[PDB]
Protein chains: 2
Amino acid sequence: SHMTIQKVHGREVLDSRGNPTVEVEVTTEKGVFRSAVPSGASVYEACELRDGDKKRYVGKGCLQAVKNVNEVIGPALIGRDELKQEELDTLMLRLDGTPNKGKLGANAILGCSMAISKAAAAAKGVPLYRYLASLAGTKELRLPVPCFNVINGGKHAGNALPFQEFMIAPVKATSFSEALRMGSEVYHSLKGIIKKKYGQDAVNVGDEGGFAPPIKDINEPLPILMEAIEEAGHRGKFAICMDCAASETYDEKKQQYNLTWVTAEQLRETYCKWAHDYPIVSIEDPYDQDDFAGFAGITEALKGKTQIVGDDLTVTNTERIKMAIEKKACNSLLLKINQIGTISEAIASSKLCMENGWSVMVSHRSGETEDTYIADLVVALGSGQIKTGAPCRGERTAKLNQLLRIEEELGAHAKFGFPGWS
Amino acid sequence: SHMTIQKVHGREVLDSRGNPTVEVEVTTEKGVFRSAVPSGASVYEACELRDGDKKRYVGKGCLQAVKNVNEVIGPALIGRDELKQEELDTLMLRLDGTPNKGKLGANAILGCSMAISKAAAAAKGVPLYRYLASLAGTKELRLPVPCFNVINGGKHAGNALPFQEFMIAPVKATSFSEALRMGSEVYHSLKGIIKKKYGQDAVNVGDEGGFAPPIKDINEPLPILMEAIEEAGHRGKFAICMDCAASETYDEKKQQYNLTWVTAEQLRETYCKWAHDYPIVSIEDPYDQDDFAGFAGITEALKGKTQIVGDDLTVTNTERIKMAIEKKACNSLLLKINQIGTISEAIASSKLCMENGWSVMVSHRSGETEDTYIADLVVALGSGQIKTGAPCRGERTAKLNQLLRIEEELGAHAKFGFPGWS
Ligand SMILES: [Zn+2]
Ligand SMILES: [Zn+2]
Ligand SMILES: [Zn+2]
Ligand SMILES: [Zn+2]
């Protein structure tokens, strides 16, 4: 019939770091719907298909993934009812036939899954976040507390700092508008504080908009963030979220954490000390991707005070998530749609986790685009936690602006934040 | 009647640096059309209205500008035919009544002018760039050579480098696709070259996605860019564009250029030496905003080999442009829509310049957004020269991706590049 999918086309585009990624457009009677796939540039993840042709983009081309969209998936979608998300996502999973989307590519299937949901939402006559909420059966929509990336370390910075991300979050804000503003003002106080204590050539930013100051000391980042919060004029209104990415400094051969050498229990120490002294309400990957025992041991320890977020642990993987749920290895799931492959599965994983008392933090990827899907997504799941970078760089601010638009659209009574952090 | 403007709404959003700016939406029977205003964070420019309220965004709020959209311009636009660009833009100029748009604000009028053109294009049934080309009477559309920002100096970097921007341009590319790819690959070779000669904590990027290495030497940037071009594998396919922003180091009290102290004729020297030895096909603001005599003296000197681009000289100002045209102070106009205020005037200035043999380089602003208007604009004017930053950072890549979409849409026969640089 009529209101059916008419065209499906994919193409190569650049992400925020100059690397190619996939973009898909689904055309229907109501228009053209386009979605772009994020990239993290980093085993449990769904397969991201790259050309590997050193002649183009240093082998990072996505021509094969685009081709799979234009030649295999697209033609199977022509004529189909875009309203059937689960049915269409299932078709693509079956079209691929492998557990990790290795034949067609997760970066080929995801663009389609996303664009389909956008076309279906338009067909229904409601914004994306509303269509996705009904899809996820979400009872209450809500604007998330944005966790802004402001200080980099580890593999991220040519620093003396081992841990990865240091974030600030306006938990006490009463609206996303105020939240975004506060985050912004603090980000600027920080820029000025870092320029004074490290120099002008120290405020340039990393992939996520945050700073990578030459921090040569480990108990320096937290206090500097408190000072920036203080100076911005928002003392007591923020909390802190960390992403240790502890795997990047762990080798079993030693069962060591070279920060110098420290171990787990001798690590669960630094954490507790930082979670007792600072308002750190969330720690991501405090341990290695497989140190389950250590994972669950820091989860019940900091329970009620600091959520433990799984990333290199859950890798947004179904099997991996259930292993974590069973061993209580963590209580917060970082949701990266491109690590799983489809929206039906992404939503399924969020629901499974929330059903087990877990919280969900929707996040971006190191390599983002002007795409704003996760903005509508985080609101549709009503999780109240998202991480799309510092309030700097277009691929980050595009999401923050979309959240502003969603709030305005919902009205003064729109709910804001994570109830456990307010 | 029917296909008329139904709603006009403005709001505050964040640009790529965390600072507020204006965004406008024009709703018609065919949909919602939104455009965001760029910001350069820097006398001849049209007025950018800021709140000046230190309580919000350090006085950078744009509530007054948004309010002017929602309360003065918007209501005057309800019911109007969006097809009449010049008529509607003229109305807004008259609504403001001041030569510099100081009553309503250039950042209030521009969003409206832009969104109106988008709504009119949809009403006509053609993409934005096509509607704008007919509006500008452009005879031949063409994809521009992108001039990528890769090395920062002056007020831009805590460098020992005085001059502002150093850009690379794939002039010999045969298509925008190839152009974007080459630019990207070189950008990556550069990242690796700079990391080796300056360190890991030296590849973080500036506002425009480029690098601000600790270059402590002045004849270092050019050779490093040639090396990066060479290594990427595109020897002889690139050219170089510079933005001296010579005003930032000039004080008449002295009539000096503190690079140390050098003068004009003793500056026109370094330029010539760099334009004789390197493939520098374009120099922006080689002199102070008022050193006309020096401006025209370097224009006929490097004529045929290196275009002289006016920025702090022309400030996209009508009166300023005519003074330059008369004295042959330069031959290339940097086009910044938010420096003038409306699309009719922006297009008028481009046509006036091209009619006098000048070239036109459409550009972004230090503070951009996920907006992609200038992508369709540069193509609509058929100038073949645009500058939207390095192939890094979403507010820059969003434009580069839009250009990719425009090319694909035009077809294999689509023209690419600036004929004088090919
Ligand atoms: Zn990170
Ligand atoms: Zn992580
Ligand atoms: Zn610049
Ligand atoms: Zn300039």
# chains A, B, ... in the order shown; residues from 1 in each chain; ligands from 1
>>> calpha_fit_and_write(fixed="chain B", moving="chain A", output="short mmCIF file (atom, residue, chain, number, x, y, z; two decimals) with C-alpha atoms, in the first residue's frame")
data_model
loop_
_atom_site.label_atom_id
_atom_site.label_comp_id
_atom_site.auth_asym_id
_atom_site.auth_seq_id
_atom_site.Cartn_x
_atom_site.Cartn_y
_atom_site.Cartn_z
CA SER A 1 -4.54 31.73 2.90
CA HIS A 2 -3.15 28.20 3.02
CA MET A 3 0.61 27.63 2.46
CA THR A 4 1.38 30.56 4.78
CA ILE A 5 3.71 31.07 7.77
CA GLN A 6 1.84 29.75 10.81
CA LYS A 7 4.27 29.98 13.75
CA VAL A 8 7.61 31.62 14.58
CA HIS A 9 9.45 30.61 17.74
CA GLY A 10 12.94 31.30 19.03
CA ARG A 11 14.93 29.74 21.85
CA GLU A 12 18.34 29.68 23.51
CA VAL A 13 20.65 26.83 22.56
CA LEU A 14 24.37 26.18 23.01
CA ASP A 15 26.99 26.63 20.30
CA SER A 16 30.14 24.50 19.98
CA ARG A 17 31.86 26.34 22.83
CA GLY A 18 29.15 26.17 25.46
CA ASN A 19 27.90 29.71 24.84
CA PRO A 20 24.23 30.49 24.19
CA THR A 21 23.07 31.60 20.75
CA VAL A 22 19.74 31.98 18.95
CA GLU A 23 17.73 29.31 17.13
CA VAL A 24 14.55 30.06 15.19
CA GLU A 25 11.75 27.81 13.95
CA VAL A 26 9.32 28.74 11.19
CA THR A 27 6.32 26.44 10.94
CA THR A 28 4.19 26.19 7.82
CA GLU A 29 1.77 23.64 6.35
CA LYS A 30 4.80 21.76 5.14
CA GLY A 31 6.62 21.50 8.47
CA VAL A 32 9.00 23.01 10.98
CA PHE A 33 12.09 24.78 9.66
CA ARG A 34 14.87 25.62 12.11
CA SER A 35 18.03 27.66 11.81
CA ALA A 36 20.64 28.61 14.40
CA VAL A 37 22.86 31.70 14.45
CA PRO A 38 26.68 31.43 14.55
CA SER A 39 28.80 33.49 16.93
CA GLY A 40 32.37 34.69 16.55
CA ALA A 41 33.05 35.96 20.08
CA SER A 42 34.72 39.21 18.97
CA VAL A 43 32.86 47.46 15.27
CA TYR A 44 31.60 47.11 11.66
CA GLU A 45 29.67 43.93 12.33
CA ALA A 46 25.91 43.89 12.70
CA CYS A 47 24.97 43.93 16.39
CA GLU A 48 24.88 40.63 18.27
CA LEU A 49 22.52 41.20 21.21
CA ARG A 50 23.61 39.64 24.52
CA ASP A 51 21.79 39.86 27.86
CA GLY A 52 24.83 41.02 29.79
CA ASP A 53 23.40 39.33 32.88
CA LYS A 54 26.36 38.00 34.85
CA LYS A 55 23.94 35.66 36.67
CA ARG A 56 23.47 33.60 33.49
CA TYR A 57 26.18 32.30 31.19
CA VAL A 58 28.43 35.09 32.43
CA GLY A 59 26.26 37.73 30.80
CA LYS A 60 26.23 35.85 27.47
CA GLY A 61 22.56 34.91 27.59
CA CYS A 62 20.51 35.53 24.45
CA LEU A 63 17.12 35.89 26.12
CA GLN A 64 16.63 39.42 24.83
CA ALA A 65 17.37 38.31 21.25
CA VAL A 66 15.04 35.31 21.58
CA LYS A 67 12.36 37.56 23.08
CA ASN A 68 12.64 39.93 20.13
CA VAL A 69 11.97 36.97 17.84
CA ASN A 70 8.98 35.71 19.84
CA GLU A 71 7.42 39.09 20.52
CA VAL A 72 8.27 41.47 17.68
CA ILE A 73 9.40 39.68 14.52
CA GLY A 74 7.39 36.46 14.85
CA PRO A 75 3.97 38.13 15.15
CA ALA A 76 4.73 40.31 12.11
CA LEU A 77 5.57 37.18 10.13
CA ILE A 78 2.41 35.21 10.97
CA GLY A 79 0.28 34.94 7.86
CA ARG A 80 3.04 36.09 5.46
CA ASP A 81 4.18 34.41 2.23
CA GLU A 82 7.60 32.93 2.98
CA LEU A 83 8.38 32.89 -0.75
CA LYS A 84 9.17 36.62 -0.63
CA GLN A 85 12.69 36.54 0.80
CA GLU A 86 13.71 40.10 -0.08
CA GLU A 87 10.35 41.43 1.05
CA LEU A 88 10.44 39.65 4.41
CA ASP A 89 14.12 40.46 4.99
CA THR A 90 13.40 44.09 4.14
CA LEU A 91 10.48 44.07 6.60
CA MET A 92 12.79 42.91 9.37
CA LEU A 93 15.39 45.53 8.48
CA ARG A 94 12.60 48.11 8.68
CA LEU A 95 11.25 46.57 11.90
CA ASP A 96 14.68 47.19 13.44
CA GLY A 97 15.13 50.62 11.88
CA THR A 98 18.86 50.98 12.69
CA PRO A 99 21.80 50.59 10.27
CA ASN A 100 23.46 47.96 12.46
CA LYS A 101 20.41 45.95 13.59
CA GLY A 102 21.01 47.24 17.11
CA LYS A 103 17.39 47.42 18.27
CA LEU A 104 16.24 43.89 17.49
CA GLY A 105 19.67 42.31 17.13
CA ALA A 106 21.39 40.73 14.15
CA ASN A 107 21.23 37.39 15.96
CA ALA A 108 17.43 37.79 16.18
CA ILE A 109 16.82 38.79 12.55
CA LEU A 110 19.22 36.27 11.00
CA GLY A 111 17.59 33.16 12.44
CA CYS A 112 14.28 34.34 10.96
CA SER A 113 15.77 35.22 7.57
CA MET A 114 17.36 31.75 7.38
CA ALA A 115 14.33 29.73 8.55
CA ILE A 116 12.11 31.70 6.17
CA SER A 117 14.30 30.69 3.21
CA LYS A 118 14.11 27.06 4.33
CA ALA A 119 10.30 27.18 4.59
CA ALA A 120 10.08 28.87 1.20
CA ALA A 121 12.33 26.25 -0.39
CA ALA A 122 10.10 23.47 0.92
CA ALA A 123 7.03 25.33 -0.33
CA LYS A 124 8.64 25.46 -3.75
CA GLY A 125 9.61 21.79 -3.65
CA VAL A 126 13.36 22.09 -4.13
CA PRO A 127 16.33 21.69 -1.78
CA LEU A 128 17.65 24.80 0.00
CA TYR A 129 20.76 25.24 -2.17
CA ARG A 130 18.62 25.25 -5.32
CA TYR A 131 16.15 27.79 -3.96
CA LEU A 132 19.03 30.02 -2.86
CA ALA A 133 20.79 29.76 -6.23
CA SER A 134 17.74 31.00 -8.11
CA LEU A 135 17.48 33.71 -5.44
CA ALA A 136 21.07 34.71 -6.19
CA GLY A 137 20.56 34.17 -9.91
CA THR A 138 23.55 31.81 -9.85
CA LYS A 139 24.15 30.25 -13.28
CA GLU A 140 26.22 27.27 -12.24
CA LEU A 141 26.13 25.31 -8.98
CA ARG A 142 29.34 23.78 -7.70
CA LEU A 143 30.81 21.97 -4.71
CA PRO A 144 33.45 24.10 -2.93
CA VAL A 145 37.05 23.29 -2.19
CA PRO A 146 37.07 22.96 1.58
CA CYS A 147 39.83 24.92 3.31
CA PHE A 148 40.56 22.93 6.47
CA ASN A 149 41.85 24.64 9.62
CA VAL A 150 44.79 22.59 10.94
CA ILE A 151 47.29 24.78 12.82
CA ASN A 152 46.51 27.58 15.28
CA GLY A 153 48.51 30.54 16.49
CA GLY A 154 48.14 34.09 17.77
CA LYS A 155 45.31 34.78 20.22
CA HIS A 156 44.14 31.30 19.29
CA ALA A 157 47.03 29.34 20.80
CA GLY A 158 49.19 29.71 23.91
CA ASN A 159 51.79 29.54 21.21
CA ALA A 160 54.87 31.47 20.21
CA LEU A 161 53.06 31.65 16.88
CA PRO A 162 51.58 35.09 15.99
CA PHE A 163 49.42 34.43 12.92
CA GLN A 164 45.98 32.87 13.41
CA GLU A 165 44.95 30.08 11.02
CA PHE A 166 46.89 27.75 8.74
CA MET A 167 44.70 25.75 6.35
CA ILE A 168 45.16 23.00 3.76
CA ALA A 169 42.93 22.62 0.71
CA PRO A 170 42.61 19.68 -1.73
CA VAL A 171 42.49 21.96 -4.78
CA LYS A 172 43.39 19.16 -7.22
CA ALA A 173 40.64 16.83 -6.02
CA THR A 174 38.05 16.02 -8.67
CA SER A 175 35.09 15.77 -6.29
CA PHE A 176 34.01 16.81 -2.83
CA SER A 177 34.07 13.15 -1.71
CA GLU A 178 37.72 12.80 -2.67
CA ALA A 179 38.38 16.30 -1.32
CA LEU A 180 36.90 15.47 2.08
CA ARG A 181 38.75 12.14 2.20
CA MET A 182 42.11 13.68 1.29
CA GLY A 183 41.62 16.46 3.81
CA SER A 184 40.83 13.82 6.42
CA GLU A 185 43.83 11.59 5.67
CA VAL A 186 46.21 14.55 5.75
CA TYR A 187 44.63 15.74 9.00
CA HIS A 188 45.49 12.33 10.45
CA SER A 189 49.08 12.30 9.14
CA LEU A 190 49.41 15.73 10.71
CA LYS A 191 48.10 14.46 14.05
CA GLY A 192 50.82 11.81 14.01
CA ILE A 193 53.56 14.18 12.90
CA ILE A 194 52.68 16.71 15.60
CA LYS A 195 52.47 14.05 18.28
CA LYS A 196 56.03 12.99 17.42
CA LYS A 197 57.55 16.46 17.29
CA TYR A 198 55.66 17.90 20.27
CA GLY A 199 54.04 15.11 22.27
CA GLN A 200 50.75 13.33 22.94
CA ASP A 201 49.47 16.22 25.04
CA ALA A 202 49.84 18.37 21.93
CA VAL A 203 47.16 16.93 19.63
CA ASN A 204 44.12 18.22 21.53
CA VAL A 205 42.15 20.61 19.32
CA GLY A 206 41.06 24.24 19.27
CA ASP A 207 37.62 25.73 18.64
CA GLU A 208 37.83 24.84 14.95
CA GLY A 209 39.08 21.27 15.22
CA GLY A 210 42.65 22.08 14.24
CA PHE A 211 45.76 21.69 16.36
CA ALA A 212 47.59 24.25 18.48
CA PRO A 213 51.00 22.59 18.84
CA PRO A 214 53.59 24.37 21.03
CA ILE A 215 55.21 25.77 17.89
CA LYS A 216 58.09 27.91 19.19
CA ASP A 217 59.39 29.08 15.82
CA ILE A 218 57.76 30.89 12.92
CA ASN A 219 59.00 29.10 9.77
CA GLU A 220 57.87 25.74 11.13
CA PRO A 221 54.12 25.46 10.30
CA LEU A 222 54.38 25.53 6.51
CA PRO A 223 57.00 22.74 6.19
CA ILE A 224 55.07 20.57 8.66
CA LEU A 225 51.96 20.91 6.48
CA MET A 226 53.93 19.93 3.37
CA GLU A 227 55.31 16.92 5.22
CA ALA A 228 51.81 15.89 6.32
CA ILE A 229 50.52 16.26 2.75
CA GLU A 230 53.45 14.21 1.48
CA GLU A 231 53.00 11.43 4.03
CA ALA A 232 49.23 11.17 3.57
CA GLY A 233 50.11 10.33 -0.01
CA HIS A 234 48.76 13.42 -1.73
CA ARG A 235 51.92 15.28 -2.72
CA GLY A 236 51.13 18.07 -5.16
CA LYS A 237 47.36 17.86 -4.74
CA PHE A 238 46.98 20.49 -2.01
CA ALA A 239 47.34 24.26 -1.63
CA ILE A 240 47.50 26.39 1.50
CA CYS A 241 45.25 29.15 2.82
CA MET A 242 46.35 31.44 5.66
CA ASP A 243 44.50 33.80 7.98
CA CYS A 244 46.99 36.21 9.48
CA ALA A 245 44.51 38.34 11.41
CA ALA A 246 47.33 40.89 11.30
CA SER A 247 45.31 43.34 13.37
CA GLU A 248 45.87 41.25 16.50
CA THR A 249 49.54 42.26 16.43
CA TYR A 250 49.40 45.81 15.13
CA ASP A 251 49.51 49.02 16.98
CA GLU A 252 49.55 52.25 15.09
CA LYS A 253 50.84 54.03 18.16
CA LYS A 254 53.87 52.23 16.74
CA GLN A 255 52.56 51.15 13.29
CA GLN A 256 54.24 47.88 14.42
CA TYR A 257 53.70 44.12 14.10
CA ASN A 258 55.10 42.37 17.16
CA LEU A 259 55.68 38.84 15.87
CA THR A 260 60.23 41.14 18.25
CA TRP A 261 59.12 43.90 15.87
CA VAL A 262 58.28 44.01 12.20
CA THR A 263 56.62 46.46 9.83
CA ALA A 264 54.38 46.20 6.75
CA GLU A 265 56.84 46.31 3.85
CA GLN A 266 58.99 44.16 6.12
CA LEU A 267 55.95 41.86 6.35
CA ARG A 268 54.95 41.91 2.70
CA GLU A 269 58.36 40.24 2.57
CA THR A 270 57.64 37.15 4.66
CA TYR A 271 54.41 36.76 2.74
CA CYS A 272 56.02 36.90 -0.72
CA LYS A 273 58.73 34.48 0.46
CA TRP A 274 56.07 32.05 1.67
CA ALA A 275 53.95 32.50 -1.46
CA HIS A 276 56.97 31.94 -3.70
CA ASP A 277 58.20 28.86 -1.89
CA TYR A 278 54.97 27.24 -0.79
CA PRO A 279 51.65 26.58 -2.56
CA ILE A 280 49.84 29.29 -0.58
CA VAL A 281 46.95 30.27 -2.85
CA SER A 282 45.12 32.48 -0.35
CA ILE A 283 46.02 34.90 2.46
CA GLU A 284 43.37 36.31 4.80
CA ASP A 285 43.83 39.66 6.59
CA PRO A 286 47.54 40.02 5.78
CA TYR A 287 47.34 43.54 7.29
CA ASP A 288 45.41 45.60 9.85
CA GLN A 289 41.68 46.27 9.38
CA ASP A 290 42.52 49.78 8.16
CA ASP A 291 45.87 49.52 6.37
CA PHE A 292 44.12 49.81 3.01
CA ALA A 293 47.30 51.10 1.36
CA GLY A 294 49.11 47.97 2.51
CA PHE A 295 46.14 45.79 1.60
CA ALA A 296 45.99 46.82 -2.07
CA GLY A 297 49.77 46.74 -2.27
CA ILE A 298 49.91 43.03 -1.48
CA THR A 299 46.88 42.32 -3.64
CA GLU A 300 48.37 43.39 -6.95
CA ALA A 301 51.75 42.00 -5.86
CA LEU A 302 50.62 38.40 -5.31
CA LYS A 303 47.90 38.77 -7.96
CA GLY A 304 47.27 35.67 -10.06
CA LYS A 305 49.14 33.56 -7.53
CA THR A 306 47.61 34.39 -4.16
CA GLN A 307 44.17 35.84 -3.49
CA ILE A 308 43.93 38.30 -0.59
CA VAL A 309 40.89 37.60 1.59
CA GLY A 310 39.20 40.40 3.47
CA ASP A 311 37.70 39.63 6.88
CA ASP A 312 38.49 42.21 9.56
CA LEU A 313 38.68 44.50 6.52
CA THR A 314 35.33 43.92 4.86
CA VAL A 315 33.57 42.56 7.95
CA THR A 316 30.86 41.45 5.50
CA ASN A 317 29.83 45.12 5.61
CA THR A 318 28.18 46.79 2.61
CA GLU A 319 29.89 50.16 3.01
CA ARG A 320 33.14 48.48 3.96
CA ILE A 321 32.98 46.21 0.92
CA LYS A 322 32.56 49.10 -1.51
CA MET A 323 35.53 50.93 -0.02
CA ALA A 324 37.61 47.81 -0.59
CA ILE A 325 36.32 47.30 -4.14
CA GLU A 326 37.21 50.87 -5.06
CA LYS A 327 40.75 50.77 -3.65
CA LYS A 328 41.36 47.18 -4.85
CA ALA A 329 42.25 46.43 -1.23
CA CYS A 330 41.62 42.72 -1.80
CA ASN A 331 40.04 40.30 -4.26
CA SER A 332 38.35 37.74 -2.02
CA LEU A 333 35.42 38.25 0.33
CA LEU A 334 35.00 36.07 3.42
CA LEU A 335 31.22 35.70 3.77
CA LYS A 336 29.88 35.49 7.33
CA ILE A 337 26.08 35.74 7.27
CA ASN A 338 25.80 36.72 10.93
CA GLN A 339 28.08 39.74 10.40
CA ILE A 340 25.52 41.28 8.05
CA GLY A 341 22.17 40.00 9.33
CA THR A 342 19.97 38.77 6.48
CA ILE A 343 20.27 36.38 3.57
CA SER A 344 19.19 38.96 0.98
CA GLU A 345 22.05 41.24 2.06
CA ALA A 346 24.51 38.35 2.29
CA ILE A 347 23.68 37.30 -1.26
CA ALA A 348 23.77 40.92 -2.41
CA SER A 349 27.30 41.31 -1.09
CA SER A 350 28.49 38.11 -2.76
CA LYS A 351 27.05 39.18 -6.11
CA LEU A 352 28.52 42.67 -5.87
CA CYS A 353 31.96 41.17 -5.21
CA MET A 354 31.80 38.53 -7.93
CA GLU A 355 30.66 41.22 -10.35
CA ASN A 356 33.92 43.01 -9.62
CA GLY A 357 36.10 39.99 -10.34
CA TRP A 358 36.32 38.98 -6.67
CA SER A 359 36.11 35.43 -5.33
CA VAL A 360 33.92 34.54 -2.34
CA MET A 361 34.79 32.27 0.58
CA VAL A 362 31.75 31.31 2.66
CA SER A 363 32.77 30.70 6.27
CA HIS A 364 31.70 29.52 9.71
CA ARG A 365 32.30 31.31 13.00
CA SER A 366 34.45 30.39 15.98
CA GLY A 367 31.23 29.38 17.69
CA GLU A 368 29.14 27.19 15.42
CA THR A 369 26.23 24.81 15.99
CA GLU A 370 24.89 21.67 14.32
CA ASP A 371 23.35 24.08 11.78
CA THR A 372 24.37 23.36 8.15
CA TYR A 373 23.00 26.38 6.29
CA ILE A 374 26.34 27.58 4.90
CA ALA A 375 26.75 24.23 3.15
CA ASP A 376 23.74 24.87 0.92
CA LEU A 377 24.72 28.53 0.72
CA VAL A 378 28.25 28.05 -0.62
CA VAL A 379 26.88 25.69 -3.26
CA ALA A 380 24.04 28.07 -4.12
CA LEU A 381 26.47 30.93 -4.77
CA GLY A 382 28.69 28.60 -6.80
CA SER A 383 31.80 30.22 -5.33
CA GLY A 384 33.80 27.03 -4.85
CA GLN A 385 35.40 28.18 -1.60
CA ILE A 386 34.20 27.50 1.90
CA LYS A 387 35.82 27.38 5.29
CA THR A 388 34.04 25.39 8.00
CA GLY A 389 37.01 24.10 9.97
CA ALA A 390 39.15 20.98 10.09
CA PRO A 391 37.43 17.64 9.38
CA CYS A 392 37.03 17.36 13.16
CA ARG A 393 34.30 18.40 15.63
CA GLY A 394 30.57 17.99 14.89
CA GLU A 395 29.79 21.66 14.27
CA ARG A 396 32.37 21.50 11.44
CA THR A 397 31.76 17.98 10.12
CA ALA A 398 27.99 18.58 10.01
CA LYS A 399 28.63 21.05 7.15
CA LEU A 400 31.10 18.75 5.44
CA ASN A 401 28.55 15.94 5.55
CA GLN A 402 25.85 18.22 4.15
CA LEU A 403 28.15 19.02 1.22
CA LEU A 404 28.55 15.28 0.64
CA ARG A 405 24.76 14.95 0.54
CA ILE A 406 24.43 17.87 -1.87
CA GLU A 407 27.04 16.39 -4.23
CA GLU A 408 25.42 12.98 -4.29
CA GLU A 409 22.10 14.67 -5.02
CA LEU A 410 23.55 16.64 -7.94
CA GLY A 411 25.15 13.68 -9.66
CA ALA A 412 28.41 12.62 -11.29
CA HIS A 413 28.46 15.70 -13.52
CA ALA A 414 28.34 18.05 -10.54
CA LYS A 415 31.12 20.62 -10.74
CA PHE A 416 33.79 20.68 -8.04
CA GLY A 417 36.34 23.17 -6.79
CA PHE A 418 37.56 26.66 -7.55
CA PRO A 419 38.54 26.84 -11.26
CA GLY A 420 41.49 29.10 -10.47
CA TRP A 421 43.02 26.54 -8.10
CA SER A 422 42.42 23.34 -10.08
#
>>> select_by_dssp(residues="stretch 91-335 of chain B", states="strand (DSSP E)", output="JSON, numbers by chain")
{"B": [145, 146, 148, 149, 150, 151, 152, 165, 166, 167, 168, 169, 239, 240, 241, 242, 243, 250, 251, 256, 257, 280, 281, 282, 283, 284, 307, 308, 309, 310, 332, 333, 334, 335]}
>>> decode(residues="stretch 147-183 of chain A", atoms="C-alpha atoms", output="PDB file, in the first residue's frame")
ATOM      1  CA  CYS A 147      26.935  13.955  33.098  1.00  0.00           C
ATOM      2  CA  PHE A 148      29.477  16.274  31.477  1.00  0.00           C
ATOM      3  CA  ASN A 149      32.970  15.048  30.569  1.00  0.00           C
ATOM      4  CA  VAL A 150      35.480  17.640  31.808  1.00  0.00           C
ATOM      5  CA  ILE A 151      38.836  16.040  32.683  1.00  0.00           C
ATOM      6  CA  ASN A 152      40.680  13.344  30.722  1.00  0.00           C
ATOM      7  CA  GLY A 153      43.336  10.848  31.699  1.00  0.00           C
ATOM      8  CA  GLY A 154      44.659   7.401  30.865  1.00  0.00           C
ATOM      9  CA  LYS A 155      44.878   6.442  27.193  1.00  0.00           C
ATOM     10  CA  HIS A 156      42.872   9.603  26.623  1.00  0.00           C
ATOM     11  CA  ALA A 157      45.513  12.122  27.715  1.00  0.00           C
ATOM     12  CA  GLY A 158      49.290  12.348  27.395  1.00  0.00           C
ATOM     13  CA  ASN A 159      48.826  12.734  31.104  1.00  0.00           C
ATOM     14  CA  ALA A 160      50.305  11.255  34.243  1.00  0.00           C
ATOM     15  CA  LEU A 161      46.657  10.533  35.009  1.00  0.00           C
ATOM     16  CA  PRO A 162      45.614   6.839  34.715  1.00  0.00           C
ATOM     17  CA  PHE A 163      41.817   6.903  34.983  1.00  0.00           C
ATOM     18  CA  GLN A 164      39.784   7.912  31.928  1.00  0.00           C
ATOM     19  CA  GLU A 165      36.860  10.308  32.455  1.00  0.00           C
ATOM     20  CA  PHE A 166      35.951  12.739  35.220  1.00  0.00           C
ATOM     21  CA  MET A 167      32.436  14.163  34.926  1.00  0.00           C
ATOM     22  CA  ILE A 168      30.297  16.748  36.727  1.00  0.00           C
ATOM     23  CA  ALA A 169      26.511  16.530  36.956  1.00  0.00           C
ATOM     24  CA  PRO A 170      23.967  19.182  38.044  1.00  0.00           C
ATOM     25  CA  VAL A 171      21.939  16.681  40.086  1.00  0.00           C
ATOM     26  CA  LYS A 172      20.181  19.397  42.128  1.00  0.00           C
ATOM     27  CA  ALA A 173      18.998  21.330  39.077  1.00  0.00           C
ATOM     28  CA  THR A 174      15.223  21.505  38.737  1.00  0.00           C
ATOM     29  CA  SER A 175      15.152  21.452  34.931  1.00  0.00           C
ATOM     30  CA  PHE A 176      17.288  20.520  31.963  1.00  0.00           C
ATOM     31  CA  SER A 177      17.587  24.210  31.012  1.00  0.00           C
ATOM     32  CA  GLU A 178      19.081  25.082  34.390  1.00  0.00           C
ATOM     33  CA  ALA A 179      21.083  21.842  34.296  1.00  0.00           C
ATOM     34  CA  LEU A 180      22.627  22.683  30.925  1.00  0.00           C
ATOM     35  CA  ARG A 181      23.327  26.266  32.002  1.00  0.00           C
ATOM     36  CA  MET A 182      24.989  25.228  35.271  1.00  0.00           C
ATOM     37  CA  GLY A 183      27.053  22.610  33.495  1.00  0.00           C
TER      38      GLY A 183
END
